[PDB]
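We begin with a single chain expressed as structure tokens, specifically the form deposited in one PDB entry.
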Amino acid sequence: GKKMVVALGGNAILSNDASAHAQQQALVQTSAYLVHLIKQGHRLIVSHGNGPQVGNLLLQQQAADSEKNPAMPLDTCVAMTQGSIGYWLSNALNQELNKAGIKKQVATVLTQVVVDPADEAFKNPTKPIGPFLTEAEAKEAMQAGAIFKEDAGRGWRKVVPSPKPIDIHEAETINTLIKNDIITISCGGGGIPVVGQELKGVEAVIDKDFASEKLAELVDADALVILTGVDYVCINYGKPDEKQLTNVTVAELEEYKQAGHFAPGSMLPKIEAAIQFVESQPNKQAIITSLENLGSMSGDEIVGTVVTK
């Protein structure tokens, strides 16, 4: 069996219906697939994204904003989504483990992810968040310290930094749970962004896959498994000559990267994080595939885009 960090994405909470019940139902389906990994002897360390969840929460912050009910900053909103999604996922996993007759503890740990204040991302925030405000509301926010950028035609929306994760505060706690064979859920939404030894909260968005890769390094995982919306990373994706990548090496991926095969923002971060993990220490593996593709496992072997040195 392998100790693996499993980084869930949007596909893990595929529901369309934004209700808690619909998202919980989606996570139960996701958990059924994850339990396949447990049946095969793997030791899971799970993380997840929070795109639509934090997006809706941010809209809720604005809808009721007042002196008595002030909008919560982004870092607190991320913490809230670690709570909601962590609850839904841990609950769903327990259900599916029970259905399989398997006894295994699941626990969600709030996770603060440290970033460098000197990170170039802070001088140049590029992550748009929240609702589209009017120039007026924008200028008012500007005078309030926020950085807004008019999205020509759509309006003005707040932009925040996307810094690199340099450490996971709760890493040792997560390691402790790991060693006690407890399935942990952490780094939700890429983590609650904090800076410095004092762990000062900041409004930023940390890439979930790089946060997961940092966790994988800190807990000395054997593999980083990113589960997304495709069974295999492809070259010429969506094109007539599309080709699925199975076993790949870093040099191969670097060649394809320069040819522009991995869309920025979506697949590119996964490829970069996977390469980084494989380059971090000898005998490390990274896999990019989907939950559904776990049905194609060969024994305890996960198939998909498998990256090695």
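Here the rigid core means the biggest group of C-alpha atoms that line up within 1.5 Å when the two forms are laid on top of each other. Numbers follow the displayed sequence, beginning with 1.
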* To do: On mean C-alpha B-factor from the PDB entry, just flag whether 26-34 or 280-288 is the higher one.
  => 280-288
* Mean C-alpha B-factor higher for 239-247, or for 38-46? -> 239-247
* Which of these has the highest Cα B-factor in the record: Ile192, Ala144, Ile226, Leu93? -> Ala144
* Asked: Which of these has the highest Cα B-factor in the record: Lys208, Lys99, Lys214, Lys139?
  -> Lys139
* To do: Among all modelled residues of this chain, ranked by Cα B factor, put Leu110 in the bottom, middle or top third, i.e. lowest, middle or highest.
  => lowest
* Sort the modelled residues of this chain by their C-alpha B factor and say whether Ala64 lands in the lowest, middle or highest third. => highest
* Would you mind checking where the Cα B-factor of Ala259 ranks among the modelled residues of its chain, as the lowest, middle or highest third? => highest
* Structure fact -> So, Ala221's CA B-factor, relative to its chain, sits in which third? The middle
* To do: Relative to the other modelled residues of the same chain, rank the CA B-factor of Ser296 and answer lowest, middle or highest third.
  => middle
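Not on display, but discussed next: the form deposited in another entry.
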* Compare C-alpha positions between this form and the one not shown after fitting on the rigid core and state which of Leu110, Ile182, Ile166, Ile147 moves by at least 2 angstroms. => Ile147
* **Residue shift check between this form and the one not shown, rigid core fit, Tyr237 Cα at least 2 Å** => yes
* To do: Verify the C-alpha shift of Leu59 between this form and the one not shown: is it 2 Å or more after superposing the core?
  => no
* Asked: Does the C-alpha of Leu218 move 2 Å or more between this form and the one not shown once the rigid core is lined up?
  -> no
* Given a change of 3 Å or more, say if the Cα atoms of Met72 and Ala136 sit closer or farther in the other entry than in this form. => farther
* Kindly indicate if, in the other entry, the C-alpha atoms of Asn94 and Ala12 are closer or farther apart than in the structure shown, bearing in mind the change is 3 Å or more. => farther
